[PDB]
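J.: One structure follows; several queries about it will come next.
Cβ atoms come from the backbone with ideal geometry, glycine included; neighbour counts cover every protein chain shown. Read-outs: derived from the displayed coordinates by stated rules, not from any lab.
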2 protein chains.
Amino acid sequence: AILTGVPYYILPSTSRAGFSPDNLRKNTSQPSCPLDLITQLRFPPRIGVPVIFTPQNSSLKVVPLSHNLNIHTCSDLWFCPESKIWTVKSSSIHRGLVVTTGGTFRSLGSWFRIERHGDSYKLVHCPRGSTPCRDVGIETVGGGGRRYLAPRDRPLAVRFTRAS
Amino acid sequence: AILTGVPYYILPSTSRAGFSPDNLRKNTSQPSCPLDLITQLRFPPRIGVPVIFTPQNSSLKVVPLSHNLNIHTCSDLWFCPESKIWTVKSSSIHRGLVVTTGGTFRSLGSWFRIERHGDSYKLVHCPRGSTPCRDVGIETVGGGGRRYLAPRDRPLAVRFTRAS
Ligand SMILES: *[C@@H]1O[C@H](CO)[C@@H](O[C@@H]2O[C@H](CO)[C@@H](O[C@@H]3O[C@H](CO)[C@@H](O)[C@H](O)[C@@H]3O)[C@H](O)[C@H]2NC(C)=O)[C@H](O[C@@H]2O[C@@H](C)[C@@H](O)[C@@H](O)[C@@H]2O)[C@H]1NC(C)=O
Ligand SMILES: *[C@@H]1O[C@H](CO)[C@@H](O)[C@H](O)[C@H]1NC(C)=O
Ligand SMILES: [Cl-]
Ligand SMILES: [Cl-]
């Protein structure tokens, strides 16, 4: 029921507090975005900015579970020079790997999968498009009060809302 | 001088018809942009969309001539999932190499230089950030009635107008 190329909001399974790339939150053009995190919109809870899933297998109209895909933010506004494509980067101040935008389609570090998590789903990131994959969850360390997505093997249960 | 991190319009030395990434001319969301050309705004001539130059030593305040740099489009609107960073791609439809957006900062394929050319300048693209470089000029083949930038060793003389 997740469709290739269609925008969805990623939301926590039990919450209305969705997610946005940092650059879209800050409303300001910058000359580079070395660590454009995906952060939760909490005060008040806001739906965030949708993403699109692109399976590694290009013929697929339905996004399969447990299979390599790219994610990218769907937004006509963009305040970074880098891409809208999600990837993972290491950050010393955030105490390890974090999800960011600025990736490259079909690159070795670009691969995520959607998996079942109880009655919901979870996102995982798969280095080099292979297992072992790390669960994507919410972290706070180094986030200056914000909650950001990171592949640290603690899953955040998510639901998808079609953005149409 | 040409200043780092300051937006400039690239213009032909003797014309007001500047340049824009194709996705900005279309002004609608795209699922992907495999070949986002930089095309000339001719009829009527319009100044285009500015760019920012980032020298390979990104700490320099003046952009050096004859020295590797990245170029990216300066725009808050962006209709592609891929980056605003310039690169070169092969296109059989366009009978060879073409300038496009969707590059990656500091990547092998990302390097251009600004060189003096007569009393004006030219852009060159430098495979792997090394010489020899190929002069960037204007082409029409496969362009559907538009002119696009391509590194085919016939230089377009250009000037740079600071955007404000
Ligand atoms: C070229 O493309 C851009 C980006 O799509 C257009 O700007 C966008 O126009 C929308 C209207 O078609 C604006 O949507 C409104 O947003 C608010 C708040 O989210 C809603 O409450 C409201 O009901 C609309 O949905 C959108 O904000 C705007 N985006 C940006 C970043 O500016 C642009 O349209 C032109 O400018 C804007 C400001 C509008 O006034 C349009 O009517 C106008 O055509 C497109 N340009 C052209 C020439 O078509
Ligand atoms: C960005 O714009 C939104 C919507 O106008 C606003 O509510 C928010 O506080 C702004 N963020 C910053 C950092 O200015
Ligand atoms: Cl990972
Ligand atoms: Cl070249």
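J.: Can you check what the net charge comes to around residue A:134, using other residues whose Cβ is under 14 Å from the Cβ of residue A:134 (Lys, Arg +1; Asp, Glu -1)? Don't skip to the answer; put the middle values down first.
T.: Values: positive: A:89, A:113, A:122, A:128, A:152, A:154; negative: A:115, A:135, A:139, A:153.
After counting each charged neighbour, the total is +2.
J.: Using only helices, what value at 222 nm comes out for chain B when you add -39,500 (n - 2.57) per DSSP H run of length 4 or more and divide by the total residues, to the nearest 500 deg cm²/dmol?
T.: -500 deg cm²/dmol, from helical runs alone.
J.: Hey, another quick one. Taking the Cβ of each residue in B:38, A:47 as the centre, tally the other Cβ atoms inside 10 Å and list the residues starting with the fewest.
T.: Neighbour counts put them in this order, fewest first: A:47, B:38.
J.: For peptide A:78-87, compute the average count of partner chain beta-carbon atoms within 10 Å of each residue's beta-carbon.
T.: On the way: counts 9, 3, 4, 16, 8, 11, 5, 3, 0, 0.
Per residue, the average neighbour count from other chains is 6.
J.: Any idea what the dipole of chain A comes to, in debye rounded to 20, about its Cα centre with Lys/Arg Cβ at +1 and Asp/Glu Cβ at -1?
T.: Value, rounded to 20: 220 debye.
J.: Another question about this same structure. Hey, how many Å between the Cα centroid of segment A:86-133 and the Cα centroid of segment B:22-42?
T.: Distance between centres, Cα-based: 29 Å.
J.: What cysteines in chain A have no other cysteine with a beta carbon less than 4.7 Å from their beta carbon?
T.: By the Cβ distance rule, which asks for a partner under 4.7 Å, the isolated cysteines are A:74.
J.: List, in the order given, every pair from A:26/A:89; A:61/A:89; A:61/A:122; A:26/B:61 whose Cα-Cα distance in the structure shown is over 31 Å.
T.: none
J.: So what is the relative contact order of segment A:22-91, in percent, for Cα pairs below 8 Å that sit 6 or more residues apart?
T.: Result for segment A:22-91 is 37 percent.
J.: Nearest 5 percent is fine: what portion of the DSSP beta bridges confined to the protein assembly as shown is antiparallel? Don't skip to the answer; put the middle values down first.
T.: On the way: 76 of 78 bridges.
Of all bridge pairs located within the protein assembly as shown, approximately 95 percent are antiparallel.
J.: Taking K and R as +1 and D and E as -1, what net charge do the other residues with C-beta under 11 Å from the C-beta of residue B:10 add up to? Please report the intermediate quantities before stating the final value.
T.: Values: positive: B:122, B:159; negative: none.
Its environment carries a net charge of +2.
J.: Related question: Is the shape of chain A rounded, prolate or oblate, going by the alpha carbon gyration tensor and its root eigenvalues a ≥ b ≥ c, with a/c under 1.5 for rounded and a/b larger than b/c for prolate?
T.: Taking the square roots of the gyration eigenvalues as a ≥ b ≥ c, chain A is rounded.
J.: Still on this model: Along segment B:3-20, what does the Karplus equation 6.51 cos²θ - 1.76 cosθ + 1.60 (θ = phi - 60°) give for ³J(HN,Hα), rounded to whole Hz, x for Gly and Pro?
T.: 9, 5, x, 10, x, 10, 7, 7, 10, x, 4, 10, 8, 9, 7, x, 9, 9
J.: Report the residues of segment A:126-164 in range of a label on residue A:35: point 7 Å along Cα→C-beta, backbone N strictly under 15 Å from it.
T.: A:139-151
J.: Another one. What does the extension gain come out to for residue B:120 and residue B:107, with contour length at 0.36 nm per residue minus their alpha carbon separation?
T.: Answer, rounded to one decimal: 1.9 nm.
J.: Tally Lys/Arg at +1 and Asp/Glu at -1 over every other residue whose Cβ is under 13 Å from the Cβ of residue A:22; what's the total?
T.: After counting each charged neighbour, the total is +4.
J.: Among A:156, B:65, A:35, which comes first, then next, by fewest other beta-carbon atoms within 10 Å?
T.: So the residues, fewest neighbours to most, are B:65, A:35, A:156.
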